Structure formats: structure tokens, C-alpha cells
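A structural walkthrough
Below, each chain spelled out in residue letters.
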Amino acid sequence: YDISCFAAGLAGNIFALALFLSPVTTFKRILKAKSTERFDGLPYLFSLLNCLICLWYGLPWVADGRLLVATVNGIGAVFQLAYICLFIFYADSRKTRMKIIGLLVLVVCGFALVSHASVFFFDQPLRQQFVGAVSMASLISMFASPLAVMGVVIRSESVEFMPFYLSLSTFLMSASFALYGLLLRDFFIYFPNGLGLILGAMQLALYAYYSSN
Amino acid sequence: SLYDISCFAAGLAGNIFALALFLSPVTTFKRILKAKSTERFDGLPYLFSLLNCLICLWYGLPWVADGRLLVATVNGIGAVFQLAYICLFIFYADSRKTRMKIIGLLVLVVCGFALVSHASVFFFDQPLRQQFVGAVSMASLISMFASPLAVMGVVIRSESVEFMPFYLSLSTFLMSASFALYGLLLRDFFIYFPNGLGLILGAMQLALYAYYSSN
Amino acid sequence: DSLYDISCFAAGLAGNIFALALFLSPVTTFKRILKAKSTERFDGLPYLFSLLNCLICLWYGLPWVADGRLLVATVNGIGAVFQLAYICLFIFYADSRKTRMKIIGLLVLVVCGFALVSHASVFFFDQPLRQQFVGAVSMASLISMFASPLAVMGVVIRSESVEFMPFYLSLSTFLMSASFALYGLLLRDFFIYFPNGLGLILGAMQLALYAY
Ligand SMILES: CCCCCCCCCO[C@@H]1O[C@H](CO)[C@@H](O)[C@H](O)[C@H]1O
């Protein structure tokens, strides 16, 4: 019973590694110029903020018996950090440079603030509930982009901006982590990951629809 | 007792008043029905509304919150009506983009709702369940208020009450008042707060209607 | 006894005095409005949002909601009064009937709504859950206000000009945020510390930006 839970966690984590390779396309495009035209820099920053707070949830002081999420969000957050660090010097125009760096300062300092406030002001079991609520809120907030790109596919009647390799992996990742939180009976892990399972399932199905015809 | 009877009277009153609100888009859907076009109309609000009605309906049901059944009844009959609407629309939709958009959002709302209901009964044992489904529900209902506030804005800017009918505004004012009374009697915050907030909005709406209708 | 109290009251008073500059900040606009007698160039909503914030926080400050929260009621009270004065001047000096009606309607919504949530807070909730509720609502408000100065920082970074964003205002705001942060810190009240800690961060970033 335990073994299956742990295996599920490892599987979900390793699956997340695949989703993390998705933004490499714009990063290929940076050598010429890094804006990117038609695209906006902040989401990567946003994603890292999320991964930070979730990593906070993962740590043993906040919630006991919840080790693996700290692992996936940790390696994920670090890899994101690499992205923003790469962006800011290669940023186009000083204005963009300063904006992204500033927002980064905001994220790091703020996360330090909520980490500190969380560990100081809150005693168990409240601490877990709070950091949990914030984590679930972040994960749910993130889902906006896949829903939007789904909208774009419907509008264009074409998968012109939606890759399958990324999508299938994310579907598997949500299913796995949903199983993780469900088996662990921790709601904060289960719910958003289940919602992600739904959004991904819709993604795969609609992809079948527009790839077919 | 007098409290049981009053509670039922308030709940039912809210139900009957609300019925007008649910039947309000029947004119637009009749016009949609004519010439079988959804080109001119959208279309999405029925999804946002169905999601809301389901989550409040879940709250009403006896497993999550007991003795608040009339809420389940209004939200249920309401959800069926909205579902009929999105179905009529979804087949009568003009262009594949609109039809498939509505289909997708429908799958999204229904599966999502299933997820939150199931999680609610699974992960949560009483009374926290009631508190959770309550907060989610209250959040939804308060979120709905965006549209009438918006049309109040349109009325003020256009100095016209074209998009604000008194019959509807008054009826919804009454349902809000009634359910506000309902929660108030039940001493249920989750019922009282959003409908009370709605009572304020309906009151302002009726007032602005008075101000701008007179001339 | 411990050095809890001595720092505790002084932090609140000092923070309040530092805070005073922010409430007087838009008076320049009203000076420019008073000569103008228009309000065309300016809208209009921010004074209402700010009044809403100030009432929710003031309610939190009251002994009805929270015991031992004395200074907060004071600063938020002075704030609410000033904001109400602003809204009255804007609404009377309003440019166009549309603006006048927009503002009057929203003022009605805010005052009526706040009274509503006050009543519900004191009615439905018994301690300590009440303080937790009014705290959560207050915190959401205060954090919500923070969007606008961040917006002016965005405008400054994007537009090379450091127009708007006063150093006096920025320093005063950093100081008030920091002080009330210490107040929440000593009280071990999360709802007080967290938004003000965030304010200390935003003030720090702004201070950094004056060093263009
Ligand atoms: C969006 C969330 C905002 C705060 C929501 C929390 C409201 C607190 C619930 O109030 C009352 O507390 C009782 C316990 O004392 C409950 O058993 C009862 O059902 C309820 O009437």
C-alpha cells in the first residue's frame, strides 16, 4: 500500500520533468532576440512563484509525511529559476530587463515573507491547512493558460499552438498526483491535480478531434 | 412551531420569485429559436450559471447541509432549466467554433462539479463539509453579481433603462430579500450573506430604475 | 514585566504619524481640481476602494471585533473620514451627471455593503471565529489595495519618466508599513503583519527605484 503511493509519487515527478522541457522552444529563439514577439515574459516568473509556495508545502515542518511534492516542486522551481536568470540579461530593452528583475525580487522576497509568517504565526495543524490553501490556490490559478490555449485551438479549428508531447505528459502527471493526494487523503494535493486531470483529458480529446479533422 | 413555518414560507417565497429570474431569458431564447441563429447571441452565461446552480444545489442537499432543502429545490429546478438552455443553444449554435466551445465548457463544468462534490463528501466529514461547500457556493453566488452590477453601469452611462426591466429587477430583489430572510432565520451565514448582498444590489437597481425611468 | 508593551503602543502611534502623509497625498489633485472645479481629468473610483478598505479595517480595530487592537481603529478611522471627505468633494464637484451618478451609486453600495458585513460579522460569528473572519476580509482588502502602487511602478519602469510616485510619499508609506508590520509582529497577529510586511517589501522596492 505504501509502496504504491511512493511509486506513484516518483512517476508523477518524473512525468513533471517532461512538462518542464516545454518552454525550450522560445529559448531556442532567444539568440536572435528575446522578447519574444507575440509572447510575454512574466508567466515563467509566475510559475516559479507557484512552485516556490508548493515547495514550501512539501517541506517536512509544514506537513508531515508529505515528502515527494517538495521534490518535484523543488527541482521544478530550480529549473524555472534558471529560465528567469537567463531571460533578464538577454532581455530586450532595459525596461523589460528591469521589470522582470523587479518582479523576480517581488516573488523571492514575498515567498520568504509567507514562508516566515507561515512557520512563525501558525502552529499545527493550522499551518498545514494555510500553506495548503495557498498552494491549492496557486495551482488552480495556473490552469488559466491551458484553458486559454484550448480556446485558441477551438477558434482556429487547428492545433497550430498546441503540442501533444507536452499535453499527454501533463495528463499523466495530473492522474498520478491526483492518485497521490487521494491515496494520501490530502485534499490540497488531490483537488487541483484532479482539475488538471480534467483539463488535460479535455485537451487530449479535443486534440483527437482537431488532429482528425 | 412558528419558526418552521416561517422558514418554509421564506424559502418557498424565494423559490417562486426566483422562478421569474430563471424564466427571464426565455424571450432571448425564443428569439434565438426564431431563424435558428445563435450568431447574434452568446451563450456563455448559461455555463457560468449552471456551474453556480449546481454547486449551490449540492449545498442544499441533505448530506452536506441539512434542513436547507428549499435552496436545493430552487437551485435544482434552476439548474435543469439552464441545462435545457445550453442544450438548445449547443445544437442550434451557428458555426463549429461556437458549438464546440459550448460543448467543451459543458464537459468542463460538469466534470469539475463532480470533482468538487465528490471531494466534498469524501475528504470532509461534518461539519467542515458544510463549511467548505458553503464557502465555495457563497463565492459562486457572490461572483454572479458581476452581471447586474455591470448592467447598472450600462444604465447609468446610457441614461437608459433599456437593459433593466422593472419586473425582473423587482422579482430578483424579492428573491434576494426572501432568501436573505431564509438564511437569517436559519442563522446560516452562507445563505444570508450573498443573498443579502444581492438584496442591496437589487435595491440600488430598483432605485436607479426609478431615477432614470421618470424621464 | 517584559519590554512588550513599551514597543507595542509606540509602534502603532509612530506608524500612524508616518501614515498621515498618504491620506493627504491626493490633496494636490483636489487643489488642481478646486481651481479647475471639474474632475474631468480624474476618475474617481480609487477613493471609494480606499474608503471600503478603511472601513473594513476600522471595524477590525473596534473592541467589538478585536480586543487589544487599539491603534488600528484610530489610523483606519482617520483614513475613512478623510476618504469620505474626498468622495464628497469629488461627487459634488463631479464633471458630468454620469460621473456624479456613478460615484453616488458606488458610495451607496460601499456604505450599505460594509454595514451589511459588519452586521453579519457581529451576528453570525462568536469569538474567536469572528476576529478570524473580519481579519481574513481585512487582509484581502489591504492586499487588494497594493495593486495600484505596483501599477505606478510599472508605469515608471516602462516610461523612463519618474513622474508621479513621490519620494516623500514612498518613504512615508514604507515607514508606516514597516511600523504596522512590527505591531502585528509583536501582537503575533498574522492578519496585521502579513499585508504590512508585503507593504514593507513594496516600499523597499519603490525606495530602490527612486535611486533610478
Ligand atoms: C469564503 C469563506 C468566508 C468565510 C466562510 C466561513 C463562515 C463560517 C461558517 O459560519 C457558521 O459557523 C458554524 C460553526 O461555528 C457552522 O457550523 C455554520 O454552518 C455556519 O453558519
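Its PDB header attributes the entry to X-ray crystallography and lists the resolution as 3.690 Å.

Description of the site of the ligand
Around the ligand, the structure places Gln130(B), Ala135(B), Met138(B), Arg187(B), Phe189(B), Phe190(B), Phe125(C) and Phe133(C). Close to the ligand, residues of chains B and C are found. For the ligand, an oxygen atom lies 2.5 Å from a polar atom in the side chain of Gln130(B). In the complex, the protein chains occlude 60% of the 550 Å² of accessible area that the ligand would expose alone. Counting only elements with at least two residues in the shell around the ligand, the list comes to α6 (128-144) and α9 (189-213) of chain B. For the shell around the ligand, the per-class residue count stands at six nonpolar, one polar and one charged.

Observations regarding the interface of chain B and chain C
Facing 17 residues of chain B, the contacting portion of chain C comprises 18 residues. Taken together, the residues of the side of chain B that touches chain C sort by class into twelve nonpolar, one polar and four charged.

Re the packing of aromatic side chains
Counted by the stated rule, this structure contains 50 aromatic pairs over all chains. When the centroid spacing of 6.0 Å and the interplanar angle of 85° are considered together, the rings of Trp59(C) and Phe114(C) count as edge-to-face. Taken together, the positions of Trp59(C) in helix α3 (residues 45-61) and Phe114(C) in helix α5 (residues 97-124) put the pair 55 residues apart, joining distant regions of the chain. You'll find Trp59(C) and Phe114(C) in the same group, each marked buried. Counting every residue linked through ring pairs, the aromatic cluster contains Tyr57(A), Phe187(A), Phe188(A), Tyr190(A), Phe191(A), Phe122(B), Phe123(B), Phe124(B) and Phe132(B). Lying across the ring of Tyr180(A), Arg66(A) places its NZ or CZ 4.2 Å from the centre. Across from the ring centre of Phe41(B), 5.8 Å away, lies the NZ or CZ of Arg40(B), which sits over that ring.

Rules and cut-offs
Residues numbered from 1 in each chain as written, not as in the entry; some residues may be left out. Chains lettered and ligands numbered in written order. Heavy atoms only, no water. Residues with missing side-chain atoms left out of burial classes, pairs and counts. Near = heavy atom within 4 Å. Polar contact = N/O pair within 3.5 Å; in protein donor to acceptor, adjacent residues only side chain to side chain. Areas by Shrake-Rupley, 256 points an atom, 1.4 Å probe, with all protein chains shown as cover. Helix = DSSP H or I, 4+ residues; strand = E, 2+ residues; numbered from the N terminus. Nonpolar A, V, L, I, M, F, W, Y, C, P; charged D, E, K, R; others polar. Contact = heavy atoms within 4.5 Å. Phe/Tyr/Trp six-rings, centres within 6.5 Å; stacked < 30°, edge-to-face > 60°. Buried < 20%, exposed > 50% of the residue type's maximum accessible area, 1.4 Å probe, protein only. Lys NZ or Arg CZ within 6 Å of the ring centre and 35° of its normal.

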